[PDB]
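Participant: Here it is, the structure in full.
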Amino acid sequence: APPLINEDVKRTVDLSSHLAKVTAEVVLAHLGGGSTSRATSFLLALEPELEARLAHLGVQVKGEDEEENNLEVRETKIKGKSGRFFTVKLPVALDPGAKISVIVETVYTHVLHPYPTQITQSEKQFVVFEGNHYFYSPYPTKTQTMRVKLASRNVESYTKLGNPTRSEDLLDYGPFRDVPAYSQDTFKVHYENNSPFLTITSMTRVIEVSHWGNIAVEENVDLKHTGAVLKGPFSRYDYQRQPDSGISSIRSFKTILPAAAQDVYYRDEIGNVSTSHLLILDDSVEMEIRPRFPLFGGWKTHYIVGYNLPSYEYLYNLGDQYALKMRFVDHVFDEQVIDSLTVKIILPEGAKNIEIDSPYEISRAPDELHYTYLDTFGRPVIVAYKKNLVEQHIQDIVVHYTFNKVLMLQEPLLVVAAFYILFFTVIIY
Amino acid sequence: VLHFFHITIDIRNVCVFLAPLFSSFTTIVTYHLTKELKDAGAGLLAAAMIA
Amino acid sequence: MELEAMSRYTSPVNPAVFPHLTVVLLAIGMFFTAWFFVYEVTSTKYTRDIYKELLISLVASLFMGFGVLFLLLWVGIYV
Amino acid sequence: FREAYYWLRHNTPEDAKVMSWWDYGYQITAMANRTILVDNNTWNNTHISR
Amino acid sequence: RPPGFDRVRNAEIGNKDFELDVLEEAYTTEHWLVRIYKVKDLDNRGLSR
Ligand SMILES: *[C@@H]1O[C@H](CO)[C@@H](O[C@@H]2O[C@H](CO)[C@@H](O[C@@H]3O[C@H](CO[C@H]4O[C@H](CO[C@H]5O[C@H](CO)[C@@H](O)[C@H](O)[C@@H]5O)[C@@H](O)[C@H](O[C@H]5O[C@H](CO)[C@@H](O)[C@H](O)[C@@H]5O)[C@@H]4O)[C@@H](O)[C@H](O[C@H]4O[C@H](CO)[C@@H](O)[C@H](O)[C@@H]4O[C@H]4O[C@H](CO)[C@@H](O)[C@H](O)[C@@H]4O)[C@@H]3O)[C@H](O)[C@H]2NC(C)=O)[C@H](O)[C@H]1NC(C)=O
Ligand SMILES: *[C@@H]1O[C@H](CO)[C@@H](O[C@@H]2O[C@H](CO)[C@@H](O)[C@H](O)[C@H]2NC(C)=O)[C@H](O)[C@H]1NC(C)=O
């Protein structure tokens, strides 16, 4: 295999919120001579500690054409070496002595742990982050630097390897030189973080498309606050009187709904909720949702939101063939974390040749049959599951099926018969 | 019965709207009972008052 | 066979139409239904004809049954 | 009234016992889903008096 | 009206400052309509509470 090296690495680590975003700009170079074959692909490696927590990985070449510079990445296992690896296909083969610059972005979940575990209403929130000083790669790195951005400038402690400079809420490390491949050094920082620690433990998204010009979507959301656990009594009087009280606590969040959303309703298991404020922007329907009570560490809540959309915005037809495009998941909030998402699509009864063009990998369960108003044959249902979804996964999906006009006319006939028979019964009696 | 015919309604709705429906049934019973005592004309008056 | 290449679909009946159709269809169904009951109660063993009863009942059922569907859509309980 | 019941529903141990006047026994059980000591039916006078 | 006034009884409370030895404030509603208190456990050291 051709010998490749990491000529330069620049790492930016963002710890402002409950998610750790990592971006590395690497100038990959080919060290092999003419005898070696041109390298069409290169390998990426995950550290064992963080591999489980990797929500998403994206690679794009450094160029103006960012939309087209995204590279196809496939999970691969390299023999004899532990840890997850990815194979990246270059746009053009890299010949001997050439170099290219690529940008790698990874997002990790749950990597910030509250320390201390428990705080009172007055006390602030502190978190611990553990990363790596060096870029963990199969290839040696000639030189590298790191820039770390903290949520707040009040950094309690950090590792001082390499005499890192500290200015304001930013840390600078390196430049390290001649780093061997696979090198690891545990970087530890403890600092104040007050960002909203919200986790969606589970969400169920139900999409129903009806041939009468309407599609209705309902999302069931379970929300838990994963910040430092509250200790001691909760003072309503203090909370109202003082702004500082419960600073970590989350009061409200805003969801960006589809522009065409209509008849938006916000409710709970025990009835309606009147606290949500709705604003209609030209591009999107902004919805402000306030939970019934403010969420402190360890508290949880449940709510259900639903809306209707016009058919012509998203539905497409070519004679008997019908194809619908839908966004996979709603933008519930910025930096949203979803442990488990289940998506169900209910097509009209009599649909045939159902096919789904998934944007990315998703487990698909056997299709169910559903009965609702006017259903005798039953409506076909598509079922899918996924875990550890993040904001980057708000892609588009398309479903294709065949339907016939006569089936719509069937619906009136069933209704008419029931009334007519009642008249007949009177005549017989 | 409603579910049997594939009309899926929440149990909560059934309880909430159970009471108004019976009021209409009560109206019919009132007219017949009044009619027995005196006449149809009284029964129509009773149904209006009870409603 | 992609969305851009292909066409788009909407219900043939436009939303604005629904209020008018529901009112008209139900009214026609109601008139025949009242006629059927009054005829049956007034009629006697020698005054009733099966043919007349069937025609009125069938017409009443057809008009009202379609009207009900428009009512459900107008309310928003899409089938 | 509902807001308090919802708070109890998710933020307390399932086995917790809640004490209140008998007027609210039915409402708490239906929505809070938590055990109560007294109820509207008031089948036991001595229990209420205690 | 002066602080600590009770609107429904139209009177001001006589006893304004006191502490709960055996009860702690768990949750209070926004308008204070419903107040929830948690029962304190026994004393770890066995002191009389
Ligand atoms: C079942 O539950 C559901 C769901 O809860 C219930 O329906 C919901 O009912 C609530 C009731 O309040 C409705 O709330 C409405 O929300 C919108 C959106 O509010 C946000 O945007 C506003 C837009 O402001 C823009 O412009 C200003 C500058 O002008 C900027 O500052 C803003 O940034 C925006 O650019 C904004 O004003 C709002 O801010 C307010 O709230 C925030 C906190 O949320 C505060 O910080 C702000 O200071 C401020 O208080 C907010 O960001 C509002 O626009 C609606 O306000 C109208 O209606 C109010 C009454 O509901 C009324 O008090 C307002 O004055 C205003 O009045 C409107 O109508 C009047 C005529 O009646 C007009 O005179 C007036 O001009 C205006 O048109 C409102 O608060 C939810 O929309 C609604 N949700 C859904 C999905 O329908 C349902 O009722 C429940 N059923 C029951 C109980 O039976
Ligand atoms: C109300 O509380 C009861 C009491 O626990 C809940 O019953 C539990 O239900 C879960 C889910 O089915 C079971 O795993 C538990 O074993 C049940 N516990 C007992 C003691 O029966 C019930 O789910 C709650 N009601 C809800 C959530 O609507």
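The values are calculated or read from the model by the stated rules, or taken from the named source; none is laboratory data. Here the Cβ is made from the backbone with ideal geometry for all residues, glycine too, and neighbour counts use every protein chain on show.
Participant: Take segment E:21-49 and flag every residue that is within 10 Å of chain A (Cβ to nearest Cβ) and either farther than 24 Å from A:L295 by Cβ or not in a loop (DSSP other than H, G, I, E, B) (or both).
Facilitator: E:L23, E:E24, E:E25, E:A26, E:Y27, E:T28, E:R35, E:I36, E:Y37, E:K38, listed by residue number.
Participant: In the list C:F66, C:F70, which residue meets the criterion of being in contact (Cβ under 8 Å) with a residue 40 or more places away in the chain and out of contact with any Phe, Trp or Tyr (no Cβ under 9 Å at 6 or more places or on another chain)?
Facilitator: Numbers: C:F70 fails: out of contact with any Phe, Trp or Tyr (no Cβ under 9 Å at 6 or more places or on another chain).
So the residue among C:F66, C:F70 that is in contact (Cβ under 8 Å) with a residue 40 or more places away in the chain and out of contact with any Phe, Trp or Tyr (no Cβ under 9 Å at 6 or more places or on another chain) is C:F66.
Participant: Give the number of residues within segment C:38-78 that are at the interface with chain A (Cβ under 8 Å from one of its Cβ atoms) and either over 21 Å from A:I421 (Cβ atoms) or exposed (fewer than 13 other Cβ atoms within 10 Å of the Cβ) (or both).
Facilitator: Residues meeting the conditions: 5.
Condition check ((1) crowded, with 19+ Cβ neighbours inside 10 Å; (2) on the phi > 0 side of the Ramachandran plot; (3) within 15 Å of ligand 1 (Cβ to nearest atom)) across all residues:
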| residue | (1), (2), (3) |
| --- | --- |
| A:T201 | no, no, no |
| A:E208 | yes, no, no |
| A:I270 | no, no, yes |
| A:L278 | no, no, yes |
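Participant: Within chain B, considering only helices (runs of 4 or more DSSP H) that don't extend past its boundaries, which have at least 3 residues that are farther than 28 Å from A:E269 by Cβ? Reasoning before the result, please.
Facilitator: Values: elements: B:11-16, B:18-37, B:40-50.
Fully inside chain B and qualifying: B:18-37, B:40-50.
Participant: Filter segment A:238-259 down to the residues that are assigned to a helix (DSSP H, G or I) and surrounded by 13 or more Cβ atoms within 10 Å (Cβ to Cβ), then identify the one that is farthest from ligand 2 (Cβ to nearest atom). Spell out how you get there, then give the answer.
Facilitator: The initial filter retains those residues of segment A:238-259 that are assigned to a helix (DSSP H, G or I), namely A:238-241.
Narrowing the set further to residues that are surrounded by 13 or more Cβ atoms within 10 Å (Cβ to Cβ) leaves A:238-239.
Working: A:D238: 32, A:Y239: 28 Å.
Once the filter is applied, the top-ranked residue is A:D238.
Participant: Return yes when A:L278 is out of contact with any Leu (no Cβ under 6 Å at 6 or more places or on another chain) and away from chain C (no Cβ under 14 Å) and no when it is not. Quick ask: steps written out before the conclusion?
Facilitator: Details: out of contact with any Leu (no Cβ under 6 Å at 6 or more places or on another chain): yes; away from chain C (no Cβ under 14 Å): yes.
Yes, satisfied.
Participant: Here's something else I'd like to know. Can you tell me which residues in chain D are among the aromatic types (F, W, Y), away from ligand 2 (no atom under 16 Å from the Cβ) and surrounded by 13 or more Cβ atoms within 10 Å (Cβ to Cβ)?
Facilitator: Here is the first cut: in chain D, the ones among the aromatic types (F, W, Y) are D:1, D:5-7, D:21-22, D:24, D:26, D:43.
Narrowing the set further to residues that are away from ligand 2 (no atom under 16 Å from the Cβ) leaves D:1, D:21-22, D:24, D:43.
Correct list: D:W22, D:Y24.
Participant: Could you say which residue among A:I382, A:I362, A:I356, A:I428 is more than 10 Å from every other protein chain (Cβ to nearest Cβ) and surrounded by fewer than 12 Cβ atoms within 10 Å (Cβ to Cβ)?
Facilitator: Details: A:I382 fails: surrounded by fewer than 12 Cβ atoms within 10 Å (Cβ to Cβ); A:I362 fails: surrounded by fewer than 12 Cβ atoms within 10 Å (Cβ to Cβ); A:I356 fails: surrounded by fewer than 12 Cβ atoms within 10 Å (Cβ to Cβ).
Result: A:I428 is the single residue among A:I382, A:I362, A:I356, A:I428 that is more than 10 Å from every other protein chain (Cβ to nearest Cβ) and surrounded by fewer than 12 Cβ atoms within 10 Å (Cβ to Cβ).
Participant: May I pose another question? (1) farther than 30 Å from A:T199 by Cα; (2) within 22 Å of the chain's Cα centre (by Cα); (3) in a strand (DSSP E or B); (4) not hydrophobic (A, V, I, L, M, F, W, C): which one isn't true of A:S41, the others all being true?
Facilitator: (2)
Participant: In this structure, is A:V107 part of a strand (DSSP E or B) and exposed (fewer than 14 other Cβ atoms within 10 Å of the Cβ)? Talk me through it step by step, then tell me what you get.
Facilitator: Details: part of a strand (DSSP E or B): yes; exposed (fewer than 14 other Cβ atoms within 10 Å of the Cβ): no.
Answer is no for this residue.
Participant: Quickly run through segment A:317-356 and pick out the residues that are without any contact (Cβ under 8 Å) to a residue 24 or more places away in the chain and either touching an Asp or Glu at 6+ places or on another chain (Cβ under 7 Å) or under 25 Å from A:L369 (Cβ atoms) (or both).
Facilitator: Here is the first cut: in segment A:317-356, the ones without any contact (Cβ under 8 Å) to a residue 24 or more places away in the chain are A:317-319.
Scanning segment A:317-356 gives a single hit, A:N317.
Participant: Name the residue that is farthest from the other protein chains (Cβ to nearest Cβ), counting only residues in segment C:1-30 that are surrounded by 12 or more Cβ atoms within 10 Å (Cβ to Cβ) and of a type in the set (D, E, K, R).
Facilitator: First, the residues of segment C:1-30 that are surrounded by 12 or more Cβ atoms within 10 Å (Cβ to Cβ): C:2-3, C:6, C:8-11, C:13, C:15, C:17-19, C:21-30.
Going one step further and asking which of them are of a type in the set (D, E, K, R), we end up with C:2, C:8.
Details: C:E2: 8, C:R8: 5 Å.
Applying the filter and picking the extreme gives C:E2.
Participant: Here's a check for you: in segment A:44-70, which residue that is out of contact with any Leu (no Cβ under 7 Å at 6 or more places or on another chain) and among the hydrophobic types (A, V, I, L, M, F, W, C) is farthest from A:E192 (Cα to Cα)?
Facilitator: Kept after step one, since they are out of contact with any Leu (no Cβ under 7 Å at 6 or more places or on another chain), are these residues of segment A:44-70: A:44-45, A:47-53, A:55-58, A:62-70.
Filter once more, keeping what is among the hydrophobic types (A, V, I, L, M, F, W, C): A:44-45, A:50, A:52, A:55, A:57.
Numbers: A:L44: 32, A:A45: 31, A:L50: 22, A:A52: 25, A:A55: 24, A:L57: 27 Å.
The extreme case among them is A:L44.
Participant: I'd like to know if segment A:306-315 contains one or more residues that are touching a residue at least 24 places away in the same chain (Cβ under 8 Å), within 16 Å of ligand 1 (Cβ to nearest atom) and surrounded by fewer than 18 Cβ atoms within 10 Å (Cβ to Cβ). Quick ask: steps written out before the conclusion?
Facilitator: Quick first cut of segment A:306-315, residues touching a residue at least 24 places away in the same chain (Cβ under 8 Å) only: A:306-315.
Checking which are within 16 Å of ligand 1 (Cβ to nearest atom) leaves us with A:306-309.
In the following step, the residues that additionally are surrounded by fewer than 18 Cβ atoms within 10 Å (Cβ to Cβ) were identified as A:306.
Scanning segment A:306-315, I find at least one residue that is touching a residue at least 24 places away in the same chain (Cβ under 8 Å), within 16 Å of ligand 1 (Cβ to nearest atom) and surrounded by fewer than 18 Cβ atoms within 10 Å (Cβ to Cβ), so the answer is yes.
Participant: Residue pairs, Cβ under 7 Å, 6 or more apart or interchain, first in segment A:134-150 and assigned by CATH to the domain that holds A:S17 and under 9 Å from A:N6 (Cα atoms), second small (G, A, S) and in a loop (DSSP other than H, G, I, E, B). List them.
Facilitator: Within 7 Å, the pairs are A:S137/A:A181; A:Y139/A:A181; A:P140/A:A181.
Participant: Consider A:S183 carefully, then state whether it is in a loop (DSSP other than H, G, I, E, B), in the same structural domain as A:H113 (by CATH) and not β-branched (V, I, T). Write out each step before concluding.
Facilitator: Values: in a loop (DSSP other than H, G, I, E, B): yes; in the same structural domain as A:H113 (by CATH): yes; not β-branched (V, I, T): yes.
When the stated conditions are applied, A:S183 passes them.
Participant: For segment A:210-256, enumerate the residues that are more than 30 Å from A:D375 (Cα to Cα), within 16 Å of ligand 1 (Cβ to nearest atom) and away from chain E (no Cβ under 14 Å).
Facilitator: A:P243, A:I250, A:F253, A:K254, A:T255, A:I256
Participant: Here's another thing I want to ask about it. Specify which of the listed residues (A:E288, A:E335, A:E269) is away from every other protein chain (no Cβ under 11 Å), under 30 Å from E:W32 (Cβ atoms) and of a type in the set (D, E, K, R). Even if it seems obvious, please write down each step before you answer.
Facilitator: Details: A:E335 fails: under 30 Å from E:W32 (Cβ atoms); A:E269 fails: away from every other protein chain (no Cβ under 11 Å).
Among A:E288, A:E335, A:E269, only A:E288 is away from every other protein chain (no Cβ under 11 Å), under 30 Å from E:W32 (Cβ atoms) and of a type in the set (D, E, K, R).
Participant: Working only within segment A:330-353, note down all residues that are surrounded by 15 or more Cβ atoms within 10 Å (Cβ to Cβ) and within 23 Å of C:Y78 (Cα to Cα). So that I can check it myself, show each step before the final result.
Facilitator: First, pick out the residues of segment A:330-353 that are surrounded by 15 or more Cβ atoms within 10 Å (Cβ to Cβ): A:330-333, A:335-351.
Matches in segment A:330-353: A:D330, A:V343, A:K344, A:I345, A:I346, A:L347, A:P348, A:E349, A:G350, A:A351.
Participant: Would you please list the contacts, defined by Cβ atoms under 8 Å and residues six or more apart or on different chains, that run from a residue in segment A:268-291 that is within 16 Å of ligand 2 (Cβ to nearest atom) to a residue that is assigned to a loop (DSSP other than H, G, I, E, B)?
Facilitator: A:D268/A:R292
Participant: Kindly indicate whether A:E75 is under 30 Å from A:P233 (Cβ atoms), outside any loop (DSSP other than H, G, I, E, B) and assigned by CATH to the domain that holds A:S37. Give the steps one after another, and end with the answer.
Facilitator: Working: under 30 Å from A:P233 (Cβ atoms): no; outside any loop (DSSP other than H, G, I, E, B): yes; assigned by CATH to the domain that holds A:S37: yes.
In short, no.
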